[PDB]
Amino acid sequence: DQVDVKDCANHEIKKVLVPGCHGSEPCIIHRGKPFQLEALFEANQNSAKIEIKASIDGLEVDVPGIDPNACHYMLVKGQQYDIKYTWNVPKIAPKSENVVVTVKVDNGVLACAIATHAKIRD
Amino acid sequence: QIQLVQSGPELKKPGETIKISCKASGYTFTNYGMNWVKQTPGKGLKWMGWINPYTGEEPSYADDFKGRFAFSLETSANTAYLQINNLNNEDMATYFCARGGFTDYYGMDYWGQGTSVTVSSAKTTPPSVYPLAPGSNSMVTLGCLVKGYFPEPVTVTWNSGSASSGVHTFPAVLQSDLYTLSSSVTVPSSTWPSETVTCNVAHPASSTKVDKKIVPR
Amino acid sequence: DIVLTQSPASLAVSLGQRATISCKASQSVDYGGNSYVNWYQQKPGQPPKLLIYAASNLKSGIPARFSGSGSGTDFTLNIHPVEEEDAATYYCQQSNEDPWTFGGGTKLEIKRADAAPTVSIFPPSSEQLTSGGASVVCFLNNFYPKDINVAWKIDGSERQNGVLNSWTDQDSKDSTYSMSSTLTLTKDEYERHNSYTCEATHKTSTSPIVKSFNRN
């Protein structure tokens, strides 16, 4: 159930799980249905607002309906923390086979990742 | 204030096309899918498919409605459309538009009133209205016989809606391509014939309104 | 196709009592922590109205008398206490995958006490006679249960041809049914006899309710 992302910042993230998806192969996001991802990280700060970019064939969109508190789903330097996060995809969301999802989070950024194998369908 | 209002019932001949409309209001139109649903009088509900006003993409159709059916939009007018081509007897049904929840979790929350489509070669015929008065108790029962009309529907009221309790309008029976129904009204024996009792029949397809006073025989 | 089977198809429940309606899906309707089955109520002549979404969520403005439960392939709608206004047909429906499907439905009848019909007969109107027709009408109003017989008599003799009957749907306030019976004849057939009789036979009495008139 682990999938391949890419660390934009300093390697704070160790892994990314998505129910149903495996590695770098097509990860299907069903419109009108919840989308669940489990992330764990070791951030290098003491302290958290969540910011999600997502491009859909190069329509670059900030995601609506994002609960942006990290401590509503979950911290100090030099230790791990686990987060199991759900975004509900609007039924009307555009379909695409070329999607890039970008997620990142007191004095700068905590963690960052880029996933390129999501496909929006149904 | 959320509402979906569909175009009125329609008689179509076999082979013809129909464009049924579904105008929406009270919500941001482009944020919700519009589903179409078919109901045949004998049977139950069949989901026909849906159209996406955010994307403008090609609509999705259930297997039984591929090829002769076209869902479409006029988004500036908050209006979704269902065109059916080369109408056949099996198309004779009521068609509903229904808004999809923002996500699938919320169900199809708001529904149109429906559009009953009649498929027939028989000719539009206005009704003849006959008073049913008792022939020569503390309650008295009177009626109106609404005979020989096509297509459905007719509306029947008593004293313009003023008499609403004690009223039964009966489902129409079709015989030889013409409908017949009756309505009955029950009032206190003191108040008839002293107060007047009038049935109001409308048959929109033939541009007919009739008022019939029930006089004692 | 996800098939949805309702059990029971039809159900008669007394006021204040429980109505339990099952919906069985042919494969799981769960995805991502939710169960994608909704419950609708349809009254005659009206669009379906949503009661319950995602198995167990009561839609706002629907009273808590309605109660949805279940997950996976097994769903239940309970209506408790049942009220007069619940006379309707109820459909489950799945939004897990395309094509979305409805169940065949459950028609809920409200049990009330037995009541005999009020019977009334009407001669053809003079207006109708001028067109060449003559319809004799009998109204059987406000009875329970639905089952009932009408017999037509002309000059004491029984009549089968040209009779057409039409029951109303269960009244949403008093839970009764009503039925009409229309004997249609030509003007000439009509004037060939004198005595016209409508006889209602119903559970409530082994005696037919006889309503009659004479042409003259």
Side-chain angles (χ1 to χ4, degrees), chain A residues 26-33 35 54-58 61 64 88-100 117-122, chain B residues 4 6-7 17-24 27-38 45-88 90-91 93 95-104 106-112 115 117, chain C residues 1-2 31 36 93-102:
Chain A
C27 190
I28 309 313
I29 299 190
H30 301 291
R31 55 187 186 173
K33 303 292 203 287
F35 185 68
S55 53
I56 305 160
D57 300 282
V61 63
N88 298 323
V89 183
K91 175 62 168 198
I92 60 173
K95 291 195 309 197
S96 185
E97 293 300 311
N98 288 302
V99 183
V100 184
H117 303 108
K119 309 303 168 195
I120 304 179
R121 313 189 173 175
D122 307 354
Chain B
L4 311 174
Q6 305 182 223
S7 50
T17 292
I18 179 156
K19 204 184 201 202
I20 303 165
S21 71
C22 170
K23 176 164 182 70
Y27 71 94
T28 311
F29 187 71
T30 58
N31 292 336
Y32 301 81
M34 192 66 82
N35 297 270
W36 293 89
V37 177
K38 180 180 162 169
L45 295 160
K46 291 189 213 135
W47 183 81
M48 297 176 70
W50 75 290
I51 184 165
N52 182 332
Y54 193 91
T55 57
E57 73 192 74
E58 179 64 8
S60 315
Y61 300 96
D63 281 348
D64 287 342
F65 314 91
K66 304 205 193 200
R68 278 193 315 109
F69 303 78
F71 308 151
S72 52
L73 294 156
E74 189 191 338
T75 310
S76 54
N78 287 7
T79 296
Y81 292 108
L82 160 59
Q83 195 167 292
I84 312 178
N85 303 266
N86 189 17
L87 283 151
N88 60 53
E90 282 58 69
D91 295 313
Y95 297 98
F96 293 102
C97 57
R99 196 186 75 165
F102 189 62
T103 54
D104 295 345
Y106 291 95
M108 291 177 284
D109 30 39
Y110 299 83
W111 289 69
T115 300
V117 178
Chain C
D1 272 50
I2 303 177
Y31 178 83
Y36 289 91
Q93 170 269 320
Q94 71 76 27
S95 298
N96 178 85
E97 63 183 33
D98 278 5
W100 286 10
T101 47
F102 292 81

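Note that these values count all heavy atoms, side chains included, but never hydrogens, waters or copies made by symmetry. Proteins get letters first, then strands, A, B, ... in listed order; numbering begins at 1 in each.
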* If every non-hydrogen atom of C/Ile2 is compared with every non-hydrogen atom of C/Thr101, which pair is closest and at what distance? -> O-OG1, 2.7 Å
* To do: Output the distance between atom CD (B/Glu90) and atom CG (B/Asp64), rounded to the nearest 0.5 Å.
  => 11.5 Å
* To do: Would you please test C/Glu97 and C/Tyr31 for side-chain contact (heavy atoms from CB on, under 4.5 Å) and show each step?
  => CA-CA 10 Å; C/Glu97 63 183 33; C/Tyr31 178 83; over 6 Å; no
* Under the criterion side-chain contact (heavy atoms from CB on, under 4.5 Å), which of A/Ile29, A/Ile120, A/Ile28 is the partner of A/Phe35? -> A/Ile29
* Structure fact -> Separation between OG (B/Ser7) and OH (B/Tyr81), nearest 0.5 Å, reads 9.0 Å
* **Spatial distance of atom OG (B/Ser76) from atom CZ (B/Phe29) [nearest 0.5 Å]** => 9.5 Å
* Minimal non-hydrogen separation, B/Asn52 against B/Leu73, with atom names -> O-CD1, 4.1 Å
* Test log, rule salt bridge (charged side-chain N to carboxylate O under 4.0 Å, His left out), inputs A/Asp122 and A/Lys33 -> CA-CA 10 Å; A/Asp122 307 354; A/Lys33 303 292 203 287; over 6 Å; no
* Measure the spacing between CD1 of A/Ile56 and OG of A/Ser96 and express it to the nearest 0.5 Å. => 7.0 Å
* Structure fact -> B/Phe65 and B/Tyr61 have their tightest heavy-atom pair at O-CD2, 3.5 Å
* Return yes if some donor-acceptor pair links the side-chain N/O of B/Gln6 with the main-chain N/O of B/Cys97 below 3.5 Å, else return no. => yes
* **Pairs touching residues 45-54 of chain B that satisfy salt bridge (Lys or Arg N to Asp or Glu O under 4.0 Å), sequence neighbours left out** => none
* Asked: Of the non-hydrogen atoms in C/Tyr36 and A/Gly32, which two are nearest, and what is the gap between them?
  -> OH-O, 4.4 Å
* Those residues that, when tested against B/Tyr32, pass side-chain hydrogen bond (donor to acceptor under 3.5 Å, both in side chains) (two or more places apart) -> none
* Asked: Side chains of B/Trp47 and C/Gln93: closer than 4.5 Å at any heavy-atom pair?
  -> no
* To do: Report the C-alpha separation of B/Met48 and B/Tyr95 in whole Å, then their side-chain angles, then the decisive distance to 0.1 Å, and conclude whether the side-chain contact (heavy atoms from CB on, under 4.5 Å) test is met.
  => CA-CA 9 Å; B/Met48 297 176 70; B/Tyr95 297 98; 3.7 Å; yes
* To do: Would you sort out whether B/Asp104 and C/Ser95 count as a side chain to side chain donor-acceptor pair (under 3.5 Å), showing the intermediate values?
  => CA-CA 6 Å; B/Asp104 295 345; C/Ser95 298; over 6 Å; no
* **Which residues share a side-chain contact (heavy atoms from CB on, under 4.5 Å) with B/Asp109, sequence neighbours left out** => B/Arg99, B/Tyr106, C/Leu50
* Asked: Does the side chain of A/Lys91 come within less than 4.5 Å of B/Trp50's, by heavy atoms?
  -> yes
* To the nearest 0.5 Å, tell me how far B/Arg68 CZ sits from B/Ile84 CD1. => 7.5 Å
* Asked: Above 12 or not: heavy atoms from other molecules or residues under 6.0 Å from OH of B/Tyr54?
  -> no
* **Verdict with reasoning, B/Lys19 to B/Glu74, per salt bridge (charged side-chain N to carboxylate O under 4.0 Å, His left out)** => CA-CA 13 Å; B/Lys19 204 184 201 202; B/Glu74 189 191 338; over 6 Å; no
* Yes or no on side-chain contact (heavy atoms from CB on, under 4.5 Å) for A/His30 and A/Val89, after CA distance, side-chain angles and deciding distance? -> CA-CA 7 Å; A/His30 301 291; A/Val89 183; over 6 Å; no
* **Nearest heavy atoms of A/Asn88 and B/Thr103, plus distance in Å** => CB-CG2, 4.1 Å
* **Closest contact, heavy atoms only, C/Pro99 versus C/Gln94** => O-NE2, 2.9 Å
* To do: Would you indicate whether the side-chain heavy atoms of B/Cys22 and B/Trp36 approach each other to under 4.5 Å?
  => yes
* Flag, side chain of B/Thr28 to backbone of B/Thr30, donor-acceptor distance under 3.5 Å -> no
* When rounded to the nearest 0.5 angstrom, what distance separates NZ in A/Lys119 from NZ in A/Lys95? -> 14.5 Å
